[PDB]
Amino acid sequence: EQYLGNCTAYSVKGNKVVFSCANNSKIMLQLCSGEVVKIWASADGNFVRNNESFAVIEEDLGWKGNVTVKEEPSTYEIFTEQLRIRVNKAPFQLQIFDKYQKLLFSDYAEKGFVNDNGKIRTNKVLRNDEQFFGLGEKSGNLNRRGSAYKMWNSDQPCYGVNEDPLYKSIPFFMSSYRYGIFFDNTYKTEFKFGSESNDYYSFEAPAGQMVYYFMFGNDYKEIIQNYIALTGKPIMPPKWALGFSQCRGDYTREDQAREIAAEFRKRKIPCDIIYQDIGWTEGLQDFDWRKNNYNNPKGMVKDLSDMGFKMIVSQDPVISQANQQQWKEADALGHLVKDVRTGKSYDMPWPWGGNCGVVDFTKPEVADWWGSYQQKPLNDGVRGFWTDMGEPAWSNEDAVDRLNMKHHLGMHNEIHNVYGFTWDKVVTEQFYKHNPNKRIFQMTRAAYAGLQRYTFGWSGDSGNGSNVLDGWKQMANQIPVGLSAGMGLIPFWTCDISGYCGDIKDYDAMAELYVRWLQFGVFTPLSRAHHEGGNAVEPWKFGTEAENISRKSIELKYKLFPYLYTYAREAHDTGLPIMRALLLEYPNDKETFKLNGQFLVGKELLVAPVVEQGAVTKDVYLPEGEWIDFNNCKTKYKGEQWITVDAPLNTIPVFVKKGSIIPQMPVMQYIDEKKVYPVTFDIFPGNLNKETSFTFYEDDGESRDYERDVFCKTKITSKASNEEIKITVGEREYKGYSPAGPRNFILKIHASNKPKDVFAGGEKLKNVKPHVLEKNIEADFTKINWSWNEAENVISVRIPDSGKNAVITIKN
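Rules and cut-offs
- Residues numbered from 1 in each chain as written, not as in the entry; some residues may be left out.
- Heavy atoms only, no water.
- Helix = DSSP H or I, 4+ residues; strand = E, 2+ residues; numbered from the N terminus.
- Rg over C-alpha atoms; globule rule 2.2 N^0.38 Å.
- Buried < 20%, exposed > 50% of the residue type's maximum accessible area, 1.4 Å probe, protein only.
- Contact = heavy atoms within 4.5 Å.
- Areas by Shrake-Rupley, 256 points an atom, 1.4 Å probe, with all protein chains shown as cover.
- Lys, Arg positive; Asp, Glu negative; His and termini not counted.
- Charge placed at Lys NZ, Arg CZ, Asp CG, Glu CD.
- Axes fitted to C-alpha atoms, helices over the stretch in contact; angles between N-to-C directions.
- Parallel < 35°, antiparallel > 145°, perpendicular 65-115°, else oblique.
- Nonpolar A, V, L, I, M, F, W, Y, C, P; charged D, E, K, R; others polar.
- Core = buried A, V, L, I, M, F, W, Y, C linked by side-chain atoms within 4.5 Å.
- Salt bridge = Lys/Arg side-chain N within 4 Å of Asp/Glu carboxyl O.
- Disulfide = S-S within 2.5 Å.
- Polar contact = N/O pair within 3.5 Å; in protein donor to acceptor, adjacent residues only side chain to side chain.
- Bend = angle between axes of the 7 residues up to and from the residue.

Per the deposition metadata, X-ray crystallography was the technique used to determine this entry, at a resolution of 2.0000 Å.

The PDB entry annotates the chain as Candidate alpha-glycosidase Glycoside hydrolase family 31 of Flavobacterium johnsoniae. In the PDB, the title recorded for this entry is "Flavobacterium johnsoniae GH31 dextranase, FjDex31A".

This is how it looks when you write it as structure tokens:
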């Protein structure tokens, strides 16, 4: 095996510096910014790759001028505003320090880069206290330290608590030394975080080029901000995707869709999306409504639309050979992935429907051809897709015959991990082309880094296949799976609520597991109940107790829509997921590295779902600050401690941080049932003289105008003085979108005693009954008054949403 060995010279080309080492080997450092370094180590010195990055869309992160290299007798030095780089000459070693000269990131001994006949590997120093997070949608504990992980998009139904690899390959991790690494290689890469030795960690690939990005940050937020500068801002879903969604394996018929749609509304269980699974299409993959299953598909979609249901249909990336018309069409056009042994279309077995052709989404001409096929259901009013089976399915590591697949852009060993990615990209591209100025809804199984530009994600076929009732630990593991997905830029994520796997032979026995899975599930952004085959898992299937609890779980998400949607926008602007590992907000608190049973939803809410069978309590770590029980709004706790709370079957432990302002909307059966509504702001005043705020974001929810920053915002500010509370409703920041109006705001200030008086600017406000304040809340927009509720300990202040600045002063 070959190392870089000694560095004999360097050459600068603008922001790039190339260090020449032994036997024609070279390594390039490229300054993208003061915080982001692109590193390319080359065994032969050539600096070429078969395909440019599928993930990186921008290498220019603001670096100005040339790289300045200072040469010393035994080292070179490169400085940025944030970094100090020491290159050892003999042998070549790259060391990156922060500006205070603390080592962040070092090559291990002489083994910084190792080439062995195309196998490429990088070894780094591993400090004893160094922890690791990320690598996308993967199982096990949040903290990756001590374990090994592989990138090979795999199809592992009913996967275990530690199963790896899974469906997606996002080779982006973060270190507790406050750097991220994105390994810009699409082959079967492996990450070993002290699993081989305590002295070093490594990442490697069996072929391709050793290109990776070092991303410094002063916290995890800044690392993620740098990652989306490289790989793109997340697209936001249509606003209605943040409601509740329902599916089943057999959701493939008009009659059943009509039946289910009516049942949801009758039982007053909110729901925005009815999915259809893959049996909807006449064959793989013609996008024709299966004729026996749908009498009037246009009418179905419209009828469901008038009831506030949107439809999302499945697509697979293959054409069945038995679908003779489409297979012959695709094969004759050369649109199918080839077999290198024959030069003919690869002959792919598939879970159902016979052998198939794998459609080659790396071939440019395929995009327009697929686009026209997929547009058919969209012309009937279907709003999007779920792109399933794109690993491709049935192509795990051990299925070595798949390696004979030859795609337009390369061989399967290179292309496998971007197969689904390049498909999903075509799906979204074509959607844009045929459906002007509309947000796509796409939720995918298989993916690669950068997927946030084109698609959202779900965690595939989870749960226990042998006995559904044994899936508790598998459900529990969806917390860190989803949090890790979020850190790999899947802010719009869900899991199969109830899991995919396991026949439900006893609904009474399943009720507890379902309820808990859903209580967790409604705090995932794309919350979708689903299950294999005919196993119905709509929220009324588990008896009346489970139905009433589940309705409330779902109602809670809907009430929080204006809060969740604000954080959906933040995902777009910053890359931060809605579901946040506590470490993302409390990076100094090392206790957060262990937390697999809880998470933040945005910054203000801490959710700690019960995920243990029979449990009627929950252990909760509270980080810095003070925390209020969001269910009662009265119990308060000090931060930086473990507590145990009561958590019966009807309860989700949710906590709100003291200081928080939470926008909420009234209960509705689907997003935008009421086109205009009063917005409530639940305010929990922070400590004496500590200012806090929430910036309530709004936009049209449907178009791509938001990408050009067409929106509005209303900042609500809270600041407590000596015996006084100042609540400011900021002047509306108008950027080309006007909110729904006219409407009222109701400021709800949680306080222990009724105040003496409340002022709006200079003038005193009239105190009225709770019933008087609630009167004509949706009809009269001239009343400015306040009321008190002793039971709830809440001051309500009704004020019209005029768009004007307003200072509300509460005299204690």
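Still more to cover.
Draft legend 1. Inspection of the overall build of the chain at higher detail. Within the chain, the regular secondary structure consists of 12 helices and 56 strands. In terms of overall size, the chain behaves like a compact globule, its C-alpha atoms giving a radius of gyration of 28 Å where 812 residues would be expected to give roughly 28 Å. Seen along its three principal axes, the alpha-carbon backbone of the chain occupies a region of about 85 × 70 × 50 Å. When each of the 812 residues of the chain is scored for burial, the buried share is 63%. A separation of at least 24 residues holds for 69% of the contacts in the chain among residues at least 6 apart in sequence. Accessible surface for the chain amounts to roughly 29400 Å². Of this, 46% is attributable to carbon and sulfur atoms. Counting 98 positive and 105 negative side-chain charges, the chain places the averaged centre of each group 5 Å from the other.

Draft legend 2. Just the packing of helix α7 (residues 472-487) against helix α8 (residues 507-521), in detail. As a packed pair, α7 and α8 sit with axes 11 Å apart at the nearest point and diverge in direction by 5°. Regarding the angle of α7 to α8, the classification is roughly parallel. In this structure, α7 uses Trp 472, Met 475, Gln 478 and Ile 479 to contact α8, whose residues at the interface are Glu 512, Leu 513, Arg 516, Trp 517 and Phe 520. Class assignment of the residues belonging to the contact of α7 with α8 gives a composition of six nonpolar, one polar and two charged.

Draft legend 3. Inspection of the nonpolar core at higher detail. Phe 182, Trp 370, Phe 441, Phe 523 and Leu 747 are the most contacted members of the largest nonpolar core, which has 186 residues in total. The contacts of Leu 747, once residues within four sequence positions are left out, are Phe 681, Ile 683, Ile 716, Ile 727, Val 729, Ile 795, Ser 796, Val 797 and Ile 808. Residues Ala 41, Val 87, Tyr 201 and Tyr 212 belong to the second largest nonpolar core, which totals 46 residues.

Draft legend 4. Up close: the pattern of salt bridges. Applying the stated criterion across every chain, the model contains 58 salt bridges. Taking the shortest distance from any N to any O, the salt bridge between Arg 121 and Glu 204 comes out at 3.7 Å. Placement of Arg 121 in strand β12 (residues 119-125) and of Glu 204 in strand β19 (residues 200-205) is noted, with a sequence separation of 83 residues between them. Comparing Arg 121 with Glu 204 shows no difference in burial state: the two are buried. Among the salt bridges present, the one from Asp 461 reaches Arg 445, with a minimum N-O distance of 3.7 Å. With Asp 461 in the loop between β32 (456-458) and α7 and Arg 445 in the loop between β30 (441-444) and β31 (447-448), this pair connects stretches of sequence that are 16 residues apart. According to the relative accessible area criterion, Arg 445 is buried, its value standing at 1%. Through salt bridges with shared partners, a single ionic network connects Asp 155, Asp 388, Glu 391, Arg 445 and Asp 461.

Draft legend 5. Local environment of the state of the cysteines. Under the counting rule described, the total for this entry stands at one disulfide. At a sulfur-sulfur separation of 2.1 Å, the disulfide partner of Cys 158 is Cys 501. The sign of the S-S torsion, about -90°, decides the handedness of the disulfide formed by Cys 158 and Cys 501: left-handed. Here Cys 158 is found in the loop between β14 (148-150) and β15 (168-169), whereas its partner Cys 501 is found in the loop between β34 (496-497) and α8, with 343 residues between them in sequence. On the basis of relative accessible area, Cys 158 is assigned to the partly exposed category, the value being 28%.

Draft legend 6. Looking closely at the side chain of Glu 626. Along the polypeptide, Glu 626 turns up in strand β40 (residues 626-629). Separated by 3.4 Å, the side chains of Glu 626 and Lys 638 make a polar contact. Residues in contact with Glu 626, not counting those within four places in the same chain, are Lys 636, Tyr 637, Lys 638, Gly 639, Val 656, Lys 657, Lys 658 and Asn 687.

Draft legend 7. Inspection of α8 at higher detail. Of all the bends found along α8, the most pronounced is centred on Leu 513 and spans about 30°. The buried count for α8 comes to 11 of 15 residues, which makes it a mostly enclosed element. Those residues of α8 that fall on the buried side of the exposure criterion are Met 510, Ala 511, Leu 513, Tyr 514, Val 515, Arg 516, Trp 517, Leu 518, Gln 519, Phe 520 and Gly 521.

Draft legend 8. Broad picture of the environment of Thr 75. Position of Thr 75 among the secondary structure elements: in strand β7 (residues 75-79). Since its relative accessible area comes to 7%, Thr 75 is described here as buried. Each C-alpha atom, one on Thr 75 and one on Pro 91, is 9.9 Å from the other, the two residues being 16 residues apart in sequence. In contact with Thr 75, other than residues within four places in its own chain, are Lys 70, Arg 86, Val 87, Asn 88 and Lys 89.

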